[PDB]
Every structure is written in structure tokens, then in C-alpha cells.
């Protein structure tokens, strides 16, 4: 047993490991490390997080030990993810500052056990650890219904021996996020033909409109499925293509559960019927689940778009 760093990563909030999001919706990952009282001796404390293709890094938030804040460019530096570094974040805690950071720990009770770290739901002076919030979104590269994991590696040098000899610490268990989709086909009442030109407002279960963002637009590039022009801040409106089909990609499901977790209901309000058909007076419910877009997301590295679409029927004038 040592006092050397144990690491863990959470998502959404401290103590949570699984969450579901709509593409473009910003949320926080939490990079977590125990801190030893002899931190002042350390010659390296560098965190590297290679974000999955399907994640877009936004920013690093307020870095905390217990109630105390660490300041950017005073206590640490950031190297942001880019195309050139393969989407990799590096956070370097300044060796010249290790004594000053160690002094901040005075009076604190430090978390020391891996399981205690994993279970931490707060970061306080009486149960303190290093907490790094990282703002992130799920992007268009996600596989719908698939767990998108994250982790990081700490390279730490605990020996004040004037020799560069770091060791790794890694989270034993990885948190994950997921997003989903749905496929549809518009038909007549007896399901004999497909119908183009039906238009639908996309709504949450509570009837509130789902709005476009730049990120959602990037995930739904097939203009055949979009009613009118899609621009950020405006309600999402979808359209059946001339083969009856349309889709929505990147809606949250299993909000507080794993990638196999509970489906979420959304609604379509039909606002335009295909030529010669009537507008219904009831909204259409559908669910987004692990398998509502891809039948086997755990097996694939790109969408297959093979789940059975929901049929939506129209009645003739």
C-alpha cells in the first residue's frame, strides 16, 4: 500500500458513471485523482486524456482540491485537443508549484482509497481529492446506441531524486455516454405505398420543441429528411422523402443509465400531410432506445441504420 495517486473518471456529476445526451448538449466529465500529503516532493504530475472520435472537447472548468481552487497558468497549464494531437487533452501541473499546492492541503483530510474515490459524490476539505471538470459534447461521429467511453492517464513522479522517472495511474473502470436515433417511414392507411412530403415538428415528451444546434445540424446532413432550412435556435422540423423515409439522429435516451438503459419518448406533430391526405389531430409518439437506429450498436464502429422504422399512416381526403 502507498499514498501514490489513484485515479477515476466520472460523467455528468461526481459519483455518476453513465449518462445519455442529445448530440451537441454540453456536459462535464470529471477527471479525479487522490493527492498525497507529500505532493510537495513530486517532480511530475501530468494528465493526458485522448478523447474518442465521437466526443468534442469544449473547455476545462474550475480545478478543485477540497474547497480550494487551482488557477490556470499559476498552478497548471492546458494543451487542448486538436486534429494534430489526435483529440488529446494534456493538463500539466507545474513542478515549480508542487510545494505551494501541497500547502493548500493543510487542514484537509485526503481521500486515499480507490473505492472511496470511485464513490465520491462531493469534494470537501474533510474528504478532498483533485477534481478536473472537462466540458464536452457528443458529436456526429458517435455510433447511435453505443457506449462512448472516456478515461485518462496520470504520469506522476513521486521521487524527489532529481531524476525523471514517472509512473502511471489509470482509472480501473471507465464512465460512458450515449446518444440515439430513430427511423421512420410514411405510408397510406393500408400500408401499400410510401408517401413523400409529410412534415413533422419534433417535440420532447412534454410537448416542448427540440431545437437545432450547430452540432445537431452536423449529425443530420440528409436534407431530404428536413422540412425547410435548419438553423440553430429554431424548432426541428422533419420531412418524409419521396421513398417515404426519414430519420432523426442524436437524441438522448437512457439519461441516467447505461447504454442499454431505459428508452425515452419523443413526439412528432404532423403539420403537413402528403398531397391528397389529411393532417391528423393526434401527435405521434416514438421511442429512442439502444436499438432504435442500429440493431447491434455494440458490434459496430459506424452506424448501420438497420433498425426497423416506425410506420406512420396517413388517411386520404
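Residue numbers count along the first chain shown, from 1.
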Averaged over C-alpha atoms, is the B-factor higher for 276-284 or for 244-252 in this PDB entry? 276-284
Is the mean CA B factor in the deposited entry higher across 89-97 or across 174-182? 89-97
What's the residue among 190, 165, 151, 137 with the greatest CA temperature factor in the PDB record? 190
Whose C-alpha has the highest temperature factor in the PDB entry: 159, 121, 114, 213? 213
Split into thirds by Cα B-factor across the chain's modelled residues, where does residue 262 land: lowest, middle or highest? middle
Using only modelled residues of the chain, where does the Cα B factor of residue 7 rank: lowest third, middle third or highest third? lowest
Splitting the chain's C-alpha B-factors into thirds, which one does residue 37 fall into? highest
Can you tell me which third, lowest, middle or highest, the CA B-factor of residue 145 falls into for its chain? lowest
Modelled-residue ranking by C-alpha temperature factor, third containing residue 311: lowest
